[PDB]
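Only one chain is given next, in structure tokens, and it is the form deposited in one PDB entry.
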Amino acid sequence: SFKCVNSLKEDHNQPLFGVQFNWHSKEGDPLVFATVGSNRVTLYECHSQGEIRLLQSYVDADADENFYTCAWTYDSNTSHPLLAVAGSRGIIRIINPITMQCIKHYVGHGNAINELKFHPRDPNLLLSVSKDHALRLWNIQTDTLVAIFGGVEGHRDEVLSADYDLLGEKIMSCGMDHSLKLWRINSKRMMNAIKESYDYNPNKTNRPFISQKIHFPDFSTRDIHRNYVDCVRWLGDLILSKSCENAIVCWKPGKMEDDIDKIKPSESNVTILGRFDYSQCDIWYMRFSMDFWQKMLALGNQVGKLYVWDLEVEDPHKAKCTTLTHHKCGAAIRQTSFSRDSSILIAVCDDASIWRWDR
């Protein structure tokens, strides 16, 4: 259970499409989160009395840029937290969150970037998904494009979301073609390509770095949803995904007993384990989130209502749901984030408003 202890609004008055607490922080450091909207990324510290202290912002040199998403990692070189951001321009900016300057940036996607994710074990491995139908894997330590996932059996419309599994051995992606696609990155080929991206030094060579063109996923399905799939998340070997049909579905490839790592690309069966129902969330690009321990699940709707499910139950159908509402919160909640200690939940909205809920 939660209480709303504060709200504010950013002065660009554009949608805030993203929010991420920094889980890559240190001992006792203030709780910091980033918001992305318009052409800016903004950093806030959380304090008691529900105080939300604005720290710094980065505004893009290009007034036409519109950032959609961000993700935290560690800078392997300096050991400080880094923040990657991307949006409609299809350019990944790597931001020093301390100084809010762009250190470097990556171009290549033929269009808007819809989602960024860092590998759960290796801080240098950045995943991006794009309006151009492709996913790309980057090594941000050596600035290399490791692989492009797309083409023959790739997505056939915009890729909207993706997620590494817990170990960082595989990725599930989803998009406007209604499909969810599995891509193993622990194959001998991909492990080797990652090894090569680390061994690449452009000062000591004239060879360019060659990307892998992964045209075929290791599993694909369109039998979970009947519309844009705009958020996917691993729950162990299970998947949580949502379309714009008012439910998050909990499912797995193959039969109940089939191990995810035995699944073949020809596999045509799926097993649905649970469904989380809610209302008035039919627009696309509405993302759900989970706390650090994955004990809970949060999703906001298009009228400013915040759902939180208790996932701490034997079977998915059993989960109870809390709804958080405030008479002043009436705009689409695009995304939520939990602080690392699960004590704070933040929601950001289409009217540039930010909402703090304390556990």
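Sequential numbering from 1, following the sequence displayed. Take the two forms, find the largest set of C-alpha atoms that superpose within 1.5 Å, and that set is the rigid core.
Separately, the form deposited with a partner chain bound exists; it is not shown, and the next lines address it.
Its partner chain is not drawn, but in the deposited complex it has no heavy atom within 4.5 Å of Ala298. Residue contact with its partner chain in the deposited complex: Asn192 places no heavy atom within 4.5 Å of it. When contacts are judged by a 4.5 Å heavy atom cut-off, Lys252 counts as touching its partner chain in the deposited complex.
At a distance threshold of 4.5 angstroms between non-hydrogen atoms, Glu196 is out of contact with its partner chain in the deposited complex. The comparison between the shown form and the other one, aligned on the rigid core, picks out a single residue among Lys318, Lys328, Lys295, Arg53 whose CA moves by 2 Å or more, and that residue is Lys318. In the deposited complex, the separation between the C-alpha atoms of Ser279 and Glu314 shrinks by 3 Å or more relative to the displayed form. Here's the thing about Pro316 and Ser279: their CA atoms end up at least 3 Å closer in the deposited complex than they are in this form.
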